[PDB]
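Worksheet: one structure, shown below.
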Amino acid sequence: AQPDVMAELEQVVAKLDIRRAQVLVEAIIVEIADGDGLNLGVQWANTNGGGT
Amino acid sequence: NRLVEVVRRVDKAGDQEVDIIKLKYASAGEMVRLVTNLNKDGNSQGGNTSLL
């Protein structure tokens, strides 16, 4: 380009070529799970009377 | 003596040379455009003026 644009492109480049900063990204996924089933049940069977 | 005096005279009266010096900065084409609007810096169809 023209020397006037060359000097303009030279500033654009210098700004655009800036050392891009780095990022360390730690994620922390914590899950906790449990629960209580309970099955208690009573059955009575009698020949004479009847059963449940 | 005074004839050829007249002739070299009329010769050196109307000099028309070129000079070139480098432009380091703003565009020669913009230089062209901006100065082209300086019409009558040799840029005319003037008759007895002979500005060509």
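In the structure tokens, each chain is lettered A, B, ... as it comes, each chain's residues begin at 1, and ligands are numbered from 1 in order of appearance.
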
Task: Interface, chain B side, toward chain A (9 Å; only C-alpha atoms) as a PyMOL selection string - done: chain B and resi 23-29

Selection to disk with C-alpha atoms, as a PDB file, in the first residue's frame:
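Saved the output as again-v4.pdb:
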```
ATOM      1  CA  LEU B  23       8.448  11.606  -0.428  1.00  0.00           C
ATOM      2  CA  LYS B  24       8.891   9.423   2.674  1.00  0.00           C
ATOM      3  CA  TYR B  25       5.334   9.860   4.147  1.00  0.00           C
ATOM      4  CA  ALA B  26       1.880  10.825   2.651  1.00  0.00           C
ATOM      5  CA  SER B  27       0.734   9.101  -0.583  1.00  0.00           C
ATOM      6  CA  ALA B  28       1.924  10.442  -3.974  1.00  0.00           C
ATOM      7  CA  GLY B  29      -1.636   9.737  -5.344  1.00  0.00           C
TER       8      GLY B  29
END
```

TODO: Within 12 Å of residue 52 (chain A), counting only C-alpha atoms, which residues show up once you throw out same-chain ones fewer than 5 positions away? Write them as a PyMOL selection string, please.
DONE: chain A and resi 41-47

- [ ] Within chain A, find each residue whose DSSP state, derived from the backbone, is strand (DSSP E or B), and express the selection as a ChimeraX atom specification.
- [x] /A:45-46,50-51

TODO: Quick one: pick out all helix (DSSP H, G or I) residues within chain A from a backbone DSSP run and write them as JSON, numbers by chain.
DONE: {"A": [3, 4, 5, 6, 7, 8, 9, 10, 11, 12, 13, 14, 15, 16]}
